[PDB]
Every structure is written in structure tokens, then in C-alpha cells.
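What follows is a single structure, written as C-alpha cells, with notes after it.
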Amino acid sequence: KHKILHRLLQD
Amino acid sequence: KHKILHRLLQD
Amino acid sequence: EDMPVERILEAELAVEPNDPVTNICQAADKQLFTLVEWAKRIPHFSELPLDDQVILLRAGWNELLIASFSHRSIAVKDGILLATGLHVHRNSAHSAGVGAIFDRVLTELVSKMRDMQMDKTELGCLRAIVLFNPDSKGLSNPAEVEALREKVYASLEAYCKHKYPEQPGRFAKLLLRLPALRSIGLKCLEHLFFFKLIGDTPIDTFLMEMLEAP
Amino acid sequence: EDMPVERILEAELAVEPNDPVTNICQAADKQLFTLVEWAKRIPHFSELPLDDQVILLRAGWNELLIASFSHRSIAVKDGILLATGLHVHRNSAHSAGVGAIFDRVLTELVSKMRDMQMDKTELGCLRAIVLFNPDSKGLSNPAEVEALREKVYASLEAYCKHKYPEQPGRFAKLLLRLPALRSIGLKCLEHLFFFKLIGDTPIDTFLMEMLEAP
Ligand SMILES: CC(=C/C=C/C(C)=C/C(=O)O)/C=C1\CCCC(C(C)C)=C1CCC(C)C
Ligand SMILES: CC(=C/C=C/C(C)=C/C(=O)O)/C=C1\CCCC(C(C)C)=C1CCC(C)C
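Protein sequence lines, in the order shown, are assigned to chains F, W, B and H.
Each residue of the first sequence is one higher than the last, beginning at 686 in full-length UniProt numbering.
Each residue of the second sequence is one higher than the last, beginning at 686 in full-length UniProt numbering.
Using full-length UniProt numbering, the letters of the third sequence correspond one by one to residues 228 to 244, 262 to 458.
Using full-length UniProt numbering, the letters of the fourth sequence correspond one by one to residues 228 to 244, 262 to 458.
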């Protein structure tokens, strides 16, 4: 879940 | 409307 | 200009010496009467036109009552003490379907009130600030209510810093429970409107009147 | 201990240089990306475990975005300026069925922000306080988030009183718009969930993801 959010925070 | 409330505030 | 915390503390001490939902609703109806007497003891509240006094109470009764039984339950473990002298335990609330909101009250309000040892004077002021809500729709003179709210928090901050000089962030910590109170207040109303719709759950006349439009 | 308003103001300046509902939803999806970059620039936000960073943003995105376009619209007469460069006038909002909530934004947020001339530093701090919500359910370490929130308002109060020495009630007046923001934030979500249910109104992937459970 919350795919987009995670990807954005990690980068 | 708001019968009870009015009566209580006036007294 | 003129809004002593002594008068506010006094308003507080003056008003307060099976289905858990039903018992809670009966308690809320009972406290609605006491809430009117409380407000009347808040400086300058009665000097406002009756129409605005009605607007302010109809707009804040729920948060006002939620703050009261929350502070009153700071001693209790996992439950709250109703004004009627009955205790609603966490498990009891959960077994009646209202577990989620009940937990939010314990976690966001009661617990926090207990962790900082919020005193009666502080509670009184916070309720006075909630009472004097300038955003209430329909106010004949919002600026006048806004002015009163500022005098309450001006007095409250002075009280803090003088009573708790070692806690420079107390005043802010107190005001910061308000968004939570607003949130919990809205959720409690939703449940209440739903209880009325469903038909079950007796709702007394004063509480019912609060559910009237607008 | 360490939470300079200079870093916060910078996060603010760094992120921001027909159916009105559709246009608003497109704007919100666009700002959701920018919101992530903003938070990353808030001191100590990135040092928190990714799981909690996700929780904080999922819990405050709506209030965070509402505060931003509200402060951004302080110049506009009766409407708000979207991040996409489009203006939504009060009449336009009313003609699309969202007049009531739109008016609440103008009355409770924009107007008030304009009346006190809330500056960018103040806005930044208020959003930082909203971001650092210790009540967010699921936080691995609520106390740690609570500590950060206190440093933001500690810095904010210092900023006030030093920048606006003649307004001893400014700090409190700023925090007192938070309950309104919370209320308006919850109402905006209800509308959004309803728009999704109804089917009409395109909802982009990031906005849609925010409507996911929990
Ligand atoms: C407006 C409200 C008022 C309370 C008043 C009292 C109980 C006051 C006093 O005893 O001192 C709160 C209500 C009323 C509608 C139903 C519910 C719940 C059952 C949804 C709640 C919230 C009750 C909390 C403890 C979870
Ligand atoms: C969560 C929310 C976010 C906004 C983001 C933006 C527009 C940001 C930017 O442009 O800077 C607010 C929403 C989203 C769901 C629908 C509505 C309304 C149409 C119900 C509102 C509230 C819009 C206000 C102006 C009344």
C-alpha cells in the first residue's frame, strides 16, 4: 500500500 | 426553535 | 481587559462537585443543563445578546462537555467517569460498538490531560476559549466574541508561566489539544445523529434539541 | 533543541514560487508531490523512520494543503488561487455545489490570515506543527514526534514577540486557527470521498492513493 508516497520519500 | 435553551438563558 | 481566571475556576467548581451508549446519552442531557449555568458564570457571557449566547452554546456544547468528562476521568484507568456517577470502562465501550471513538478520547484527551496534570483553572480557560468561538455562524458581532476569546487566553497564559514557570511550553501545549477536541467533537456528533436515525437509543429533550437544525 | 525558523521559511520559499471541483482536484494531486519535497526540507523529518514519515503525511496532507492555498489567496478578493495558476471565484464554487465549504475557507482561514498579515515564516511553522502530529495512529514513537512539534512552536513563539513585540497575543492567535483548519480539513475529505463514490470527477493517482485505507 501507499506505493507512490513511499517511492517519493525514499529517493 | 431552541425552546429549552432560550428559557434557561433568560431565567 | 478584565477576564480573571479566578472567576473561571469558580464557574468550574460551581458546576461540578446496561447499554453504555444509553447511559452516556442520559449523562449528556443532564450536563446540558449544567452547561448553561456554567456559561452564565463566565465573565461577560450573559452581557451578550441572548441570540448569540444561544449560538455559542449550540456550537460548542459537545466540545465543552467532552472536555469536562475527560478532565474528570484523569484518575480512572481505562474508562471515563460520567456526571451521573457511573463508570464506562474501555471494554464496555468496545462491547457496544463505540470502541474506536472511546479509545480516541482516552488517548488524545484523558491521557494527555493526565500526563501534564492539567488543573481545573486550565480546563476552565480552555472551555472558555471554546465557548467564545468567533467562527460560529450567525454571530451578530463576531469581533466582540473574538475580543473575549483573546482576553481568556491572555489571562490563561499569564496564569501559566506564573504557576508553571518551569514549563515555558505549557500554554502552547494546552491550546494544542484544541484541534483534537474539535475532531473528537465532530465524530461524537456523527454517532449521535446516527443513533437518532437508527431509532434505538433514547435521546432526552435537551440533547435532542441540540440535534435540531441548523 | 535545534529547529530554526530559517530552515522552515526556506522549505516554504523552496516549494512555492470548467468544473471548478475538477480543477481543484487536479491541483491537489499536483501539490501532493510538492508536499513531499516540502516535508523533506523540514528539520529532522527525514531522520524519522520511513513508516512514520508516511503516517504523518497521510494524516496531515489535507490540512497542510488547505493552509497553503489559503495563505496563497490572501491577496484575492472572493476566491482562492490554485497552485496550477487558476482562480476559483466564490460564485464559481457556489455554482458547482461546493459553496458552503468554500465560504468557510474564505471566512475562517483566508480572511483571518489577511486580517493579521500572517507571514510565510508563520505559515511554515503552523504547517510544521500540523505535520508533527503526535496523535497520528500507528506512530512507532509518538513521544519523538511530540518533541519535534514542541521545538517548532517554541521557535515560532520566539519568532513572534521578537518580530511582532507589539502583539503579545499573536502566537496564541496563530495556534487558534488550528481547530478551524482541522474542521475544514475533515469536511474537505468527506466531499472528496463522496466525489469518488459518485464516480464523476476525475481523481489522479496520488490523490486517490491518499483516499486508500486506513
Ligand atoms: C457530545 C457528547 C457529550 C457527552 C456528555 C457527557 C457524558 C457528560 C458527562 O457525563 O459529564 C459525547 C457523546 C454523546 C453521543 C454519544 C457518544 C459516543 C457513545 C459516540 C459520546 C462520546 C462519549 C465518549 C465518552 C466516548
Ligand atoms: C484536500 C484539499 C486539497 C487542496 C489542494 C489544492 C487545491 C492545492 C493548491 O492548489 O495549492 C481540498 C479539497 C480537495 C477535495 C475537493 C475540495 C472541495 C471542492 C470540496 C477541496 C477544498 C477546496 C477549497 C478551496 C474549498
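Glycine included, C-beta positions come from ideal geometry on N, C-alpha and C.
**Message:** Using a Cβ-based criterion (distance less than 7 Å to any ligand heavy atom), does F346/H qualify as near ligand 2?
**Reply:** yes
**Request:** Decide if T328/H is buried, meaning its Cβ has at least 16 other Cβ atoms within 10 Å, or exposed.
**Result:** exposed
**Request:** Can you tell me which of the three DSSP states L330/H falls into?
**Result:** coil
**Request:** Check the Cβ-Cβ distances between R371/B and every residue of chain H, and say whether any is below 8 Å.
**Result:** Answer no: the Cβ-Cβ gap between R371/B and chain H never drops below 8 Å.
**Asked** Who are the neighbours of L420/H on chain B, taking C-beta pairs under 7 Å?
**Response** In chain order: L419.
**Request:** Report the partner residues of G323/H according to the DSSP bridge assignment.
**Result:** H333/H
**Request:** Could you work out which residues of chain B lie near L430/H, taking near to mean beta carbons separated by less than 8 Å?
**Result:** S427, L430
**Asked** Cβ of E401/H less than 8 Å from any chain B Cβ?
**Response** yes
**Request:** Could you have a look at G343/B and say whether DSSP puts it in helix, strand or coil?
**Result:** helix
**Request:** Output, in chain order, the set of chain B residues within a Cβ distance shorter than 7 Å of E352/H.
**Result:** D379
**Message:** Taking 7 Å as the cut-off, is the beta-carbon of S384/B closer than that to any non-hydrogen atom of ligand 1?
**Reply:** no
**Straight-line gap, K284/H to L325/B (C-alpha atoms, nearest Å)** = For the pair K284/H and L325/B, the Cα-to-Cα distance works out to about 43 Å.
**Request:** Can you tell me the Cβ-Cβ gap for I689/W and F450/B, rounded? I've got them flagged as a contact below 8 Å.
**Result:** 5 Å
**Prompt:** I think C432/H touches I318/H, with their Cβ atoms under 8 Å apart; what is that distance to the nearest whole Å?
**Reply:** Going by Cβ atoms, the distance from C432/H to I318/H rounds to 19 Å, so no, they are not a contact pair.
**Prompt:** Just the Cα atoms here: how many angstroms apart are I299/B and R348/H?
**Reply:** When rounded, the distance between both Cα atoms is 17 Å.
**Item:** When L422/H, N377/H, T266/H, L418/H are compared against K440/H, the one with the closest alpha-carbon
**Value:** Per the Cα distances, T266/H.
**Asked** Between the C-alpha atoms of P412/B and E453/H, what's the straight-line distance to the nearest angstrom?
**Response** If I take the Cα positions, the gap works out to 40 Å.
**Message:** Quick check: is the beta carbon of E366/B nearer than 8 Å to any beta carbon in chain H?
**Reply:** no
**Prompt:** How many angstroms separate the CA atom of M362/B from the CA atom of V232/B?
**Reply:** 14 Å
**Request:** Kindly indicate the opening and closing residues of the alpha helix (DSSP H) around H315/B.
**Result:** 294 to 316
**Nonlocal neighbours in the same chain, by C-beta distance under 7 Å from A272/B, ignoring five residues either side** = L309, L451
**Request:** Say whether chain W places a C-beta atom closer than 8 Å to the C-beta of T449/B.
**Result:** yes
**Asked** Within the chosen definition, does the region 386 to 396 of chain H reach the region 364 to 381 of chain B through at least 3 CB pairs nearer than 8 Å?
**Response** Judged by Cβ distances under 8 Å, the region 386 to 396 of chain H makes no contact with the region 364 to 381 of chain B, as fewer than three pairs qualify.
**Message:** Give me the pocket residues for ligand 1, defined as CB within less than 6 Å of any heavy atom, sorted by chain position.
**Reply:** Residues with a Cβ closer than 6 Å to any heavy atom of ligand 1, in chain order: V265/B, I268/B, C269/B, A271/B, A272/B, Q275/B, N306/B, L309/B, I310/B, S312/B, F313/B, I324/B, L326/B, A327/B, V342/B, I345/B, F346/B, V349/B, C432/B, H435/B, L436/B.
**Prompt:** Taking one C-beta from the region 392 to 401 of chain H and one from the region 413 to 420 of chain H each time, how about it: are there three or more such pairs within less than 8 Å?
**Reply:** yes
**Request:** Measure the C-alpha to C-alpha separation of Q270/B and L392/H and round it to an integer number of angstroms.
**Result:** When rounded, the distance between both Cα atoms is 41 Å.
**Request:** Check each candidate in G382/H, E366/H, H315/H, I447/H and name the one with the smallest Cα separation from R234/H.
**Result:** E366/H
**Request:** Go through its chain and collect everything with a Cβ distance to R371/B's Cβ below 6 Å, but skip five positions before and after it.
**Result:** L308, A311
**Which of helix, strand or coil DSSP assigns to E237/B** = helix
**Prompt:** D444/H to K405/B, Cα distance in whole Å?
**Reply:** Roughly 54 Å between the two C-alpha positions.
**Asked** What is the rounded straight-line gap between the Cα of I428/H and the Cα of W305/H?
**Response** 13 Å
**Message:** For residue 256/B and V320/H, I'd like the C-alpha separation in whole angstroms.
**Reply:** For residue 256/B, no position is available: the coordinates of chain B end at 244 and pick up again at 262.
**Request:** Using a threshold of 8 Å, state whether the C-beta atoms of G323/H and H333/H are closer than that.
**Result:** yes
**Item:** Cutoff 6 Å; reference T278/B; Cβ partners in own chain excluding five residues on either side
**Value:** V242
**Request:** Could you tell me which chain H residues have their CB closer than 8 Å to the CB of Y408/B, listed as they occur along the chain?
**Result:** Result: empty, since nearest Cβ-Cβ is about 14 Å, beyond 8 Å.
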